[PDB]
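**Q** This is target_9.txt, which holds compact mmCIF, C-alpha atoms:
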```txt
# COMPACT_ATOMS: atom_id res chain seq x y z
CA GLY A 1 -40.18 40.45 -142.89
CA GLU A 2 -40.31 42.97 -140.11
CA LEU A 3 -38.37 42.65 -136.93
CA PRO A 4 -40.96 43.36 -134.18
CA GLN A 5 -38.87 44.50 -131.29
CA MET A 6 -40.84 46.07 -128.54
CA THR A 7 -40.47 44.33 -125.29
CA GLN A 8 -42.34 45.84 -122.41
CA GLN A 9 -40.50 44.71 -119.37
CA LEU A 10 -39.77 47.40 -116.91
CA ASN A 11 -39.84 47.13 -113.20
CA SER A 12 -42.28 49.73 -112.10
CA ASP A 13 -41.36 50.11 -108.43
CA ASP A 14 -40.61 53.11 -106.24
CA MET A 15 -40.96 53.77 -102.56
CA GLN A 16 -43.44 56.17 -101.09
CA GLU A 17 -41.70 57.51 -98.03
CA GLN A 18 -40.67 61.06 -98.75
CA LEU A 19 -40.15 64.02 -96.46
CA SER A 20 -43.53 64.83 -95.05
CA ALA A 21 -44.29 65.61 -91.47
CA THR A 22 -47.68 67.06 -92.22
CA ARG A 23 -48.83 69.09 -89.11
CA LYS A 24 -47.73 69.20 -85.52
CA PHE A 25 -50.25 69.86 -82.78
CA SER A 26 -49.04 71.47 -79.61
CA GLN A 27 -51.37 73.94 -77.92
CA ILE A 28 -50.68 74.22 -74.25
CA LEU A 29 -49.75 76.91 -71.80
CA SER A 30 -48.94 75.89 -68.26
CA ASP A 31 -47.27 79.31 -67.78
CA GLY A 32 -43.64 79.22 -66.96
CA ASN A 33 -42.93 76.52 -69.49
CA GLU A 34 -40.01 78.53 -70.81
CA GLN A 35 -39.47 80.52 -67.56
CA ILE A 36 -38.02 77.55 -65.66
CA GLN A 37 -35.27 77.45 -68.33
CA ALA A 38 -34.68 81.12 -67.77
CA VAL A 39 -34.18 80.23 -64.10
CA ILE A 40 -32.07 77.25 -65.24
CA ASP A 41 -31.16 76.11 -61.70
CA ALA A 42 -28.05 74.12 -60.78
CA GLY A 43 -29.75 70.82 -61.40
CA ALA A 44 -33.47 70.82 -60.83
CA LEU A 45 -34.45 69.55 -64.24
CA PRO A 46 -31.96 66.54 -64.28
CA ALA A 47 -33.27 65.91 -60.78
CA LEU A 48 -36.81 65.98 -61.82
CA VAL A 49 -36.16 63.08 -64.11
CA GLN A 50 -33.85 61.31 -61.60
CA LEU A 51 -36.81 61.31 -59.25
CA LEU A 52 -38.75 59.27 -61.78
CA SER A 53 -36.70 56.25 -60.96
CA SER A 54 -37.89 56.13 -57.37
CA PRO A 55 -40.42 53.46 -56.18
CA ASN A 56 -42.98 56.14 -55.24
CA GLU A 57 -45.77 56.66 -57.72
CA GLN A 58 -46.57 60.04 -56.26
CA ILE A 59 -42.95 61.25 -56.62
CA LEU A 60 -43.08 59.91 -60.17
CA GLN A 61 -46.32 61.66 -61.14
CA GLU A 62 -45.34 64.96 -59.50
CA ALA A 63 -41.95 64.93 -61.18
CA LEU A 64 -43.44 63.67 -64.45
CA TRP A 65 -45.80 66.59 -64.19
CA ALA A 66 -42.84 68.95 -63.87
CA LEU A 67 -41.15 67.22 -66.84
CA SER A 68 -44.31 67.64 -68.83
CA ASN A 69 -44.42 71.41 -68.02
CA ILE A 70 -40.90 71.74 -69.38
CA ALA A 71 -41.36 69.22 -72.18
CA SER A 72 -44.28 71.16 -73.55
CA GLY A 73 -42.20 74.29 -73.30
CA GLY A 74 -40.01 73.98 -76.32
CA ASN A 75 -37.05 72.18 -77.93
CA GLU A 76 -34.49 74.08 -75.90
CA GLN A 77 -36.00 72.65 -72.74
CA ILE A 78 -36.74 69.09 -73.80
CA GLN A 79 -33.23 68.43 -74.89
CA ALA A 80 -32.00 69.61 -71.54
CA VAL A 81 -34.02 66.93 -69.75
CA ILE A 82 -33.52 64.32 -72.57
CA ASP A 83 -29.81 64.75 -71.99
CA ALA A 84 -30.23 63.49 -68.41
CA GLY A 85 -31.66 60.17 -69.56
CA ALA A 86 -35.29 61.10 -69.66
CA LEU A 87 -36.11 58.65 -72.26
CA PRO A 88 -35.02 55.66 -70.03
CA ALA A 89 -37.26 57.05 -67.28
CA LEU A 90 -40.62 57.31 -68.99
CA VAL A 91 -40.16 54.12 -70.95
CA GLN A 92 -39.22 52.06 -67.86
CA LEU A 93 -42.14 53.33 -65.87
CA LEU A 94 -44.39 52.23 -68.69
CA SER A 95 -43.96 48.79 -67.14
CA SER A 96 -45.89 49.96 -64.07
CA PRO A 97 -49.30 48.37 -63.31
CA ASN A 98 -50.70 51.84 -62.89
CA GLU A 99 -52.28 52.62 -66.24
CA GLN A 100 -52.47 56.35 -65.57
CA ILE A 101 -48.68 56.30 -65.24
CA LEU A 102 -48.43 54.74 -68.70
CA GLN A 103 -50.44 57.44 -70.42
CA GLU A 104 -48.61 60.16 -68.48
CA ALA A 105 -45.25 58.66 -69.65
CA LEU A 106 -46.56 58.70 -73.23
CA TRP A 107 -47.82 62.24 -72.74
CA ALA A 108 -44.47 63.53 -71.59
CA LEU A 109 -42.56 61.69 -74.25
CA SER A 110 -44.97 62.97 -76.88
CA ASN A 111 -44.17 66.45 -75.56
CA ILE A 112 -40.48 65.92 -76.02
CA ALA A 113 -41.09 64.36 -79.43
CA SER A 114 -42.95 67.50 -80.49
CA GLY A 115 -39.88 69.70 -79.89
CA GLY B 1 -37.92 70.15 -83.05
CA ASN B 2 -36.18 67.76 -85.37
CA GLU B 3 -33.42 65.53 -83.99
CA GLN B 4 -35.06 64.65 -80.65
CA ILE B 5 -36.89 61.75 -82.32
CA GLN B 6 -33.50 60.37 -83.20
CA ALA B 7 -33.02 59.77 -79.48
CA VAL B 8 -36.63 58.72 -78.69
CA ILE B 9 -36.61 56.15 -81.48
CA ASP B 10 -33.41 54.71 -79.96
CA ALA B 11 -34.70 54.76 -76.41
CA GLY B 12 -37.35 52.42 -77.43
CA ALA B 13 -40.62 54.01 -78.29
CA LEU B 14 -41.75 50.88 -80.11
CA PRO B 15 -41.53 48.34 -77.09
CA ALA B 16 -44.32 50.35 -75.47
CA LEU B 17 -46.26 51.40 -78.58
CA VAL B 18 -46.44 47.90 -80.16
CA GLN B 19 -48.28 46.68 -77.13
CA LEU B 20 -50.41 49.62 -76.19
CA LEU B 21 -51.48 50.65 -79.70
CA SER B 22 -54.13 48.03 -79.13
CA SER B 23 -54.83 49.30 -75.57
CA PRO B 24 -58.51 49.37 -74.38
CA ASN B 25 -57.71 52.35 -72.17
CA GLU B 26 -58.60 55.52 -74.15
CA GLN B 27 -56.11 57.69 -72.29
CA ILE B 28 -53.32 55.42 -73.13
CA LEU B 29 -54.16 54.70 -76.80
CA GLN B 30 -55.05 58.34 -77.56
CA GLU B 31 -51.76 59.41 -76.06
CA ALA B 32 -49.91 56.68 -77.94
CA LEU B 33 -51.44 58.03 -81.13
CA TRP B 34 -49.70 61.31 -80.72
CA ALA B 35 -46.52 59.72 -79.45
CA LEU B 36 -46.46 57.64 -82.63
CA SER B 37 -47.44 60.37 -85.02
CA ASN B 38 -45.03 62.92 -83.53
CA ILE B 39 -42.07 60.59 -84.01
CA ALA B 40 -43.28 59.27 -87.40
CA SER B 41 -43.28 62.79 -88.75
CA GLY B 42 -39.59 62.96 -88.32
CA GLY B 43 -36.88 62.75 -90.87
CA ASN B 44 -33.97 60.55 -91.99
CA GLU B 45 -36.61 57.90 -92.66
CA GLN B 46 -37.70 58.17 -89.02
CA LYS B 47 -41.10 56.88 -90.16
CA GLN B 48 -39.58 53.33 -90.52
CA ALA B 49 -40.38 52.86 -86.85
CA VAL B 50 -44.13 52.64 -87.61
CA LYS B 51 -43.43 49.99 -90.19
CA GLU B 52 -41.43 47.87 -87.76
CA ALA B 53 -44.18 48.40 -85.22
CA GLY B 54 -46.74 47.39 -87.79
CA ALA B 55 -48.91 50.20 -86.52
CA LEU B 56 -49.94 51.18 -90.06
CA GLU B 57 -52.73 48.62 -90.08
CA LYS B 58 -53.78 49.70 -86.63
CA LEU B 59 -54.12 53.17 -87.72
CA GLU B 60 -56.27 52.33 -90.71
CA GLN B 61 -58.31 50.17 -88.49
CA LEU B 62 -58.57 52.68 -85.69
CA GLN B 63 -60.01 55.11 -88.13
CA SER B 64 -63.18 53.10 -87.97
CA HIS B 65 -62.93 52.57 -84.22
CA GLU B 66 -66.13 53.82 -82.47
CA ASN B 67 -64.20 56.24 -80.24
CA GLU B 68 -64.06 59.34 -82.44
CA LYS B 69 -61.01 60.76 -80.68
CA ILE B 70 -58.93 57.82 -81.69
CA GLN B 71 -60.70 57.66 -85.06
CA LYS B 72 -59.66 61.16 -86.00
CA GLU B 73 -56.09 61.02 -84.69
CA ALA B 74 -55.63 57.48 -86.10
CA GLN B 75 -55.77 58.99 -89.57
CA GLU B 76 -53.66 61.95 -88.44
CA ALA B 77 -50.93 59.42 -87.75
CA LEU B 78 -51.09 58.18 -91.38
CA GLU B 79 -50.36 61.73 -92.51
CA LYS B 80 -46.95 61.43 -90.94
CA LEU B 81 -46.18 58.28 -92.93
CA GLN B 82 -47.58 59.35 -96.24
CA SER B 83 -45.95 61.68 -98.63
CA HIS B 84 -47.53 63.47 -101.50
```
Is it possible to give me this structure as structure tokens?
**A**
Amino acid sequence: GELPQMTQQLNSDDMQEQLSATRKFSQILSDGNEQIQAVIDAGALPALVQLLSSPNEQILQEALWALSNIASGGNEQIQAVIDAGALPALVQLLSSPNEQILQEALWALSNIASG
Amino acid sequence: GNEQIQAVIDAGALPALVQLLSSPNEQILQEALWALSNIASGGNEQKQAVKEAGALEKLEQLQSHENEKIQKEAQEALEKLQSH
């Protein structure tokens, strides 16, 4: 008269979302990427992004280009422009019909994300 | 660096990405791939964003997408979600 007591009932469940970034690709040299931060300026960089809210695609793209130069510069630079509401800018302009503006927005925000 | 994603994720990376992760325009989708992967590789469970976006399945799918650029980076994006 044995008492067979071996109940296998365990909830085998754990999440697989640990700390892993696994690579970051950023190879670009526009020359002066850091230098413009050395210059600093009174408010060129916050202006660069303020320009992005204009109704002129060409002002957008030229300023976005300047953002991109800085955004691909480093963390020290991205956070300077992010602080001016840069995020708002590229995401709003994503609603533009101009599909090259979309990708450029993504490109610049990917730059800042890579900081 | 690290905590910039914290702001990007709040700004609304997903509203754009959820739509355009299916974009037929290479330049857009290939850019979106890095925009997604670069934020997904964050911390403080930053990777949740991809789950809410449901981009996981897109990635796996895009890995077999004829365009090799997307194909390669589509899997690169999974690397940011996974953890070994």
**Q** Using all atoms listed in the file and a cut-off of 8 Å, which residues of chain A sit close to chain B? Please list them as a ChimeraX atom specification.
**A** /A:16-22,24,75,79,87-88,91,94,99-100,102-103,106-107,109-110,112-115
**Q** So how far away is atom CA of residue 50 of chain A from atom CA of residue 84 of chain A, in Å?
**A**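 Atom CA of residue 50 of chain A lies 8.0 Å from atom CA of residue 84 of chain A.
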**Q** Smallest atom-to-atom distance to residue 90 of chain A: which of A:76, A:37, A:27, A:108, using only C-alpha atoms?
**A** A:108
**Q** What does the distance between atom CA of residue 54 of chain B and atom CA of residue 75 of chain B come to in Å, to one decimal place?
**A**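 Separation of atom CA of residue 54 of chain B and atom CA of residue 75 of chain B: 14.8 Å.
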**Q** Restricting the calculation to all atoms listed in the file, which member of A:97, A:55, A:46, A:1 is positioned closest to residue 67 of chain A?
**A**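 Nearest to residue 67 of chain A: A:46.
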**Q** What is the atom CA of residue 35 of chain A to atom CA of residue 61 of chain A distance in Å?
**A** 21.1 Å
